[PDB]
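Student: Here's a structure for you.
2 protein chains.
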Amino acid sequence: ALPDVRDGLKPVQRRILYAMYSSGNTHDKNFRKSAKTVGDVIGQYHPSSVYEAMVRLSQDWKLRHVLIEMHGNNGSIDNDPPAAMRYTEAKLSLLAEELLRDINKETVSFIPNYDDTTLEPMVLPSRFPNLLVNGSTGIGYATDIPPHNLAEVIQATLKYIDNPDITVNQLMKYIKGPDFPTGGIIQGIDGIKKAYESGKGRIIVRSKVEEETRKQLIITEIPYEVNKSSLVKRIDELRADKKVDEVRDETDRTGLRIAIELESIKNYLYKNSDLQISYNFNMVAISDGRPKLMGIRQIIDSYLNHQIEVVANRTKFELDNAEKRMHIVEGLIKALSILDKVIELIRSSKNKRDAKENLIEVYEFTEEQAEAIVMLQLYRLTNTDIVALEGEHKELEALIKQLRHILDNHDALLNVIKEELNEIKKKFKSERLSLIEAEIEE
Amino acid sequence: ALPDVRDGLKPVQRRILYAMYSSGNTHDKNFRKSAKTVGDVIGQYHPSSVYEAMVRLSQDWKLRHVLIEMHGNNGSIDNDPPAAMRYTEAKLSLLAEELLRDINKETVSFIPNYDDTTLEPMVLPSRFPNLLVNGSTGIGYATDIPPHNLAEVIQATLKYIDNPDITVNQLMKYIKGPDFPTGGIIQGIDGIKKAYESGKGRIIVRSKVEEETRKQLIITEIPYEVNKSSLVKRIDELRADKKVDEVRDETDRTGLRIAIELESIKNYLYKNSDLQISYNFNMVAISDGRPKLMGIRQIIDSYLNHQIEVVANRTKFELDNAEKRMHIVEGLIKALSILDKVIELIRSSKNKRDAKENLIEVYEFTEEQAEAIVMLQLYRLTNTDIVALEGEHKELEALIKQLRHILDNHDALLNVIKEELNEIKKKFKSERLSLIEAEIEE
């Protein structure tokens with residue numbers, strides 16, 4: 030079970046968001062029961081673990097940007113079981129909708145489902161680099179891709195588009211390093227560099243720890263993946279065992298807060320516990336069919352190739368439609384002028400297909416346009432309609448020239464990608480939760 | 030959890046067949062994965081036990097007529113677990129389709145689902161007396179309604195329609211008694227009588243047992263609900279313990298066959320085992336909101352009231368439509384005659400709603416007919432169409448007079464019920480599997 034480099038998803042996850050998308054379980058509409066969405070997945074795509085994944089996508093503390101907004105007990109940083117799918121409601125993020133944006137536009141390959149009745153997508157348009165942003169973990175191959183700051187990833191992608199040769203150091207002006215949703219302090223600037231070239235590097239991850247007003255120490259933020267209650271109980275035991283020479290979980294729904302009362312003790316606790324943790328990049332994802340360990344530029348490169356594919360496919364889709372429609376229009380204006388003859392000619396013919404033939408064989412019409420004309424409801428013969436069909440021709444010759452230029456010119460296309468990526472970063476920009484310091488302390 | 034008297038279903042079961050119906054998981058089309066249907070039930074109607085019920089409806093040995101046709105391991109008379117919903121395929125019986133017949137015709141009440149997004153039915157049209165035919169069991175009230183012979187139940191219902199005063203003895207000319215799908219011999223003609231009046235009676239149920247070619255005894259058929267493997271293992275132990283003074290389950294996919302080799312021994316085994324069993328009617332179902340214990344004529348009466356409701360509601364539905372359409376037709380023929388004026392008049396008006404008004408305010412048209420005319424595709428002005436709309440008027444004045452007569456005349460309606468019930472019994476007639484003998488042996 031490994032994610033695709035292009036949209037950062039495992040097949041469990043992709044299946045869940047798509048089912049949500051097609052049900053119309055979008056952000057702008059009301060929350061929907063979790064079972065409703067779950068029962069479409071086991072039933073149509075995946076042959080418990082559906083719900084365990086759907087839940088995981090809805091967690092503040094695991095993903096930098098949730099893809100599902102869940103209402104109800106969705107678990108906890110203490111690894112509490114979530115509620116059952118009947119009380120729990122969910123819907124897509126505004127941001128998950130960007131992953132799915134344009135899917136309705138022949139952009140990504142669709143493939144038969146497990147029982148060969150319906151079709152599902154191999155990959156999502158992924159209109160933003162989800163793989164780096166939300167990362168991935170878990171297993174015969176394992177992955178460790180930490181989350182990253184949305185805006186830092188887009189800007190870097192944008193910089194890559196302008197210079198496909200840009201070094202790892204240069205991208206680090208814009209992707210500074212992992213941006214963990216639980217925040218904390220990061221140590222290992224070389225580690226990030228090593229990871230960003232070879233796919234593999236060691237960093238140290240610290241808790242945010244300050245002193246208070252007898253003096254008391256508070257843990258405001260903890261390392262990524264670490265279990266709070268599990269950590270509380272660890273700090274608890276050493277206090278008891280006098281390995282240190287009391288420990289309250291003052292967390293409430295406001296934010297995380299762990300208080301300790303009784310520097311050297313801060314430096315001790317870091318070691319014999321997960322107050323300080325190490326993280327090791329193992330950046331593996333699915334490129335071109337197989338598992339590929341890859342550094343930052345292969346990943347940006349793979350994403351870019353994906354976008355180019357998507358956008359070129361969207362543009363061709365929108366062009367074919369704009370081509371097909373103007374043809375109808377050309378037909379209609381032509382038939383609007385011979386209107387009176389047309390109506391008499393239709394009455395003259397006996398069958399539906401007769402009328403179509405006696406249209407194409409008498410006047411210079413085609414099947415496509417003959418069909419459209421015989422299908423006009425009588426109200427389409429009114430003034431508003433006999434004139435709004437004349438105007439849209441202008442708006443079409445406009446779109447053709449525009450869209451054709453996007454296909455004929457590679458730069459123009461990349462500009463399209465650049466604009467769309469850019470507006471996404473503005474609309475969804477979020478501040479860095481992780482502090483980065485260069486050296487690792489001992 | 031108790032069945033409704035009208036359609037014999039519990040809410041689990043009704044929900045499953047309806048979901049199957051609306052998915053189009055009908056008999057004439059291909060089998061469909063079980064998960065596909067299951068995942069619609071937990072997801073849309075029921076807040080494991082869905083599958084345990086869906087399975088139970090698919091069993092030869094529990095229902096006289098299965099409502100689901102299942103392909104794959106669907107359990108066994110030995111209470112074997114069934115396969116998981118991913119290998120197992122299913123679809124509706126021809127007979128379950130009669131339960132659902134006419135549901136698409138404003139016949140039965142529809143009610144919001146658990147989450148108030150969609151609508152589900154309170155009861156099924158149940159175009160045949162499912163409650164008696166397939167029976168029901170299980171629990174703070176319990177039920178025991180054994181299965182009955184389809185044709186015996188319809189004929190009796192038919193006899194009740196002609197004489198709503200018919201005695202319990204007289205119905206027993208046509209409903210002879212329970213018709214068990216595992217067959218066997220029944221004993222207790224008085225028991226059936228008592229059950230058919232008061233809802234409560236004791237019968238004895240026997241296995242089919244004959245001798246063979252050292253002499254060997256074979257059990258061909260066993261009592262209802264009894265577990266084969268459980269019974270084999272019982273006969274096994276007494277042989278071992280010399281309580282009798287060896288036991289092979291020669292069952293294969295052909296039919297049931299239990300062989301014993303080593310009258311008085313047949314008469315012994317009947318007692319200290321479930322080779323002979325007793326059954327006790329506890330005929331309880333849901334009438335008019337509450338649990339009601341009822342004998343045979345209340346049940347036939349309740350079913351009949353249901354049919355009358357259904358058929359009267361179907362007829363009113365089909366009449367309103369036939370009323371609404373002839374109105375369009377009356378309009379169309381009228382407009383077909385002023386055709387040339389009509390088209391010029393449409394061009395004269397500026398908007399859609401203008402054209403509708405300038406139709407109703409100039410010529411004697413209504414909204415309903417004005418809408419229909421402006422919506423005509425241009426091909427509907429051809430000869431085949433300018434003439435097929437003139438003819439169907441004949442077929443409509445025909446249907447009105449027919450249908451109106453069904454509403455205005457109660458006998459005519461009951462005849463409709465009688466015809467439809469009758470054809471069902473002919474098309475689905477099946478022979479009695481249960482032998483009935485009057486007295487109980489000691």
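Note that the protein sequences, when read in sequence, are chains A and A'. A prime marks a further copy of an entry chain.
Residue numbers 30 to 76, 80 to 171, 174 to 247, 252 to 283, 287 to 303, 310 to 489, in the deposited numbering, belong to the letters of the first sequence in order.
Residue numbers 30 to 76, 80 to 171, 174 to 247, 252 to 283, 287 to 303, 310 to 489, in the deposited numbering, belong to the letters of the second sequence in order.
Just so you know, even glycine gets a beta-carbon here, dropped at the ideal spot from N, CA and C.
Give me whichever residues DSSP pairs with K234 of chain A in a beta bridge.
Tutor: Bridge partners of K234 of chain A: A:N329.
Student: Cα-Cα, which of A:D134, A:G104, A:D112, A:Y262 is closest to residue 248 of chain A?
Tutor: Note on chain A: consecutive modelled numbers read 247 then 252, so residue 248 of chain A has no coordinates in the structure shown.
Student: Distance, Cα to Cα, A115 of chain A vs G72 of chain A'?
Tutor: Roughly 16 Å separates the two Cα atoms.
Student: How would you list, in chain order, the residues of chain A' whose beta-carbon sits under 8 Å from the beta-carbon of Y426 of chain A?
Tutor: Result: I393, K399, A402, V421, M422.
Student: Buried or exposed, going by whether 16 or more other CB atoms sit within 10 Å of the CB of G225 of chain A'?
Tutor: It is buried - the Cβ of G225 of chain A' has at least 16 other Cβ atoms within 10 Å.
Student: Taking the C-alpha atoms as reference points, what is the distance between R277 of chain A' and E486 of chain A'?
Tutor: Straight-line Cα distance between these residues: approximately 30 Å.
Student: Out of A:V357, A:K123, A:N430, A:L205, which one is the CA nearest neighbour of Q189 of chain A?
Tutor: Looking at the Cα atoms, A:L205 is the closest of the given residues.
Student: Helix, strand or coil: how does DSSP classify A300 of chain A' here?
Tutor: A300 of chain A': strand per DSSP, three-state reduction.
Student: Please name the residue, chosen from A:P32, A:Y74, A:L31, that lies closest to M49 of chain A on a Cα-to-Cα basis.
Tutor: Comparing Cα positions, the closest option is A:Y74.
Student: Taking the alpha-carbon positions, what's the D401 of chain A to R451 of chain A distance?
Tutor: About 37 Å.
Student: Residues bridged to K123 of chain A' by DSSP?
Tutor: DSSP output for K123 of chain A' lists A':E101 as bridge partner(s).
Student: The segment 135-167 of chain A: which residues have C-beta closer than 7 Å to a C-beta of chain A', in chain order?
Tutor: The segment 135-167 of chain A vs chain A', Cβ under 7 Å: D147.
Student: Can you tell me which of the three DSSP states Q91 of chain A' falls into?
Tutor: In the structure shown, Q91 of chain A' sits in coil (DSSP, three-state: anything other than H, G, I, E or B).
Student: Judging by CA-CA distance, which residue of A':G107, A':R61, A':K137, A':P153 is the nearest neighbour of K39 of chain A'?
Tutor: Comparing Cα positions, the closest option is A':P153.
Student: Against chain A', which members of the segment 95-127 of chain A pass a CB distance test of less than 7 Å?
Tutor: Those residues of the segment 95-127 of chain A that come within reach of chain A' (Cβ to Cβ, closer than 7 Å) are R118.
Student: With distances taken from CA atoms, which of A:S108, A:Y47, A:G68, A:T149 is nearest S125 of chain A?
Tutor: The shortest Cα separation from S125 of chain A among A:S108, A:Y47, A:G68, A:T149 belongs to A:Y47.
Student: With 16 other CB atoms within 10 Å as the buried threshold, where does residue 571 of chain A fall?
Tutor: Only positions 30 to 489 of chain A appear in this structure, which leaves residue 571 of chain A out of reach.
Student: In the DSSP assignment, the beta strand (DSSP E) including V288 of chain A' goes from what residue to what residue?
Tutor: Looking at the DSSP string, the run of the beta strand (DSSP E) that includes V288 of chain A' is 288-290.
Student: For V41 of chain A, which residues in the same chain have their Cβ closer than 6 Å to its Cβ, ignoring the five residues on either side in sequence?
Tutor: Once the five neighbours on either side are set aside, the close Cβ partners of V41 of chain A are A85.
Student: Select from A':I100, A':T201, A':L95 the residue whose C-alpha is nearest the C-alpha of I45 of chain A'.
Tutor: Per the Cα distances, A':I100.
Student: Just how far apart, CA to CA, sit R298 of chain A and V288 of chain A?
Tutor: Rounded to the nearest angstrom, the two C-alpha atoms are 11 Å apart.
Student: Just by C-beta distance, which residues in the segment 433-458 of chain A' are closer than 9 Å to chain A?
Tutor: Going along the segment 433-458 of chain A' in chain order, one finds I433 with a Cβ nearer than 9 Å to chain A.
Student: The alpha helix (DSSP H) that contains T429 of chain A', what's its start and end?
Tutor: Per DSSP, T429 of chain A' belongs to no alpha helix (DSSP H) and is neither H nor E.
Student: Am I right that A419 of chain A and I407 of chain A are in contact with their C-beta atoms under 8 Å? What's the rounded C-beta distance?
Tutor: Contact flag wrong, Cβ pair sits at about 12 Å.
Student: Taking the C-alpha atoms as reference points, what is the distance between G167 of chain A' and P180 of chain A'?
Tutor: Roughly 5 Å separates the two Cα atoms.
Student: Using 8 Å as the threshold, is the segment 323-335 of chain A in touch with the segment 221-240 of chain A, meaning 3 or more CB pairs across them?
Tutor: Touching, yes.
Student: Are the CB atoms of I471 of chain A' and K266 of chain A' within a distance shorter than 8 Å?
Tutor: No. Outside cutoff.
Student: Would you verify that the beta carbon of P76 of chain A' is, or is not, closer than 8 Å to some beta carbon of chain A?
Tutor: Yes, because at least one Cβ of chain A sits closer than 8 Å to the Cβ of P76 of chain A'.
Student: Determine which residues share a DSSP beta bridge with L340 of chain A and list them.
Tutor: Beta-bridge pairing links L340 of chain A to A:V331.
Student: Would DSSP call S268 of chain A' helix, strand or coil?
Tutor: If DSSP states are grouped into helix, strand and coil, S268 of chain A' belongs with the helices.
Student: Grouping DSSP H, G and I as helix and E and B as strand, with all else coil, what is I260 of chain A'?
Tutor: If DSSP states are grouped into helix, strand and coil, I260 of chain A' belongs with coil.
Student: Note down, in chain order, every chain A' residue with its Cβ under 8 Å from the Cβ of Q73 of chain A.
Tutor: The answer, in chain order, is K65, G68.
Student: For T169 of chain A', name the three-state secondary structure that DSSP assigns.
Tutor: Of the three classes helix, strand and coil, the one that applies to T169 of chain A' here is strand, per DSSP.
Student: Here's the rule I'm using: 16 or more other beta-carbon atoms within 10 Å means buried, otherwise exposed. How should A445 of chain A be labelled?
Tutor: Classification for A445 of chain A: exposed.
Student: With distances taken Cα to Cα, identify the nearest neighbour of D92 of chain A' among A':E263, A':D148, A':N145, A':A64.
Tutor: Closest option to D92 of chain A', Cα to Cα, is A':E263.
Student: Can the beta-carbon of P161 of chain A' be found less than 8 Å from the beta-carbon of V187 of chain A'?
Tutor: Yes, they are a contact pair.
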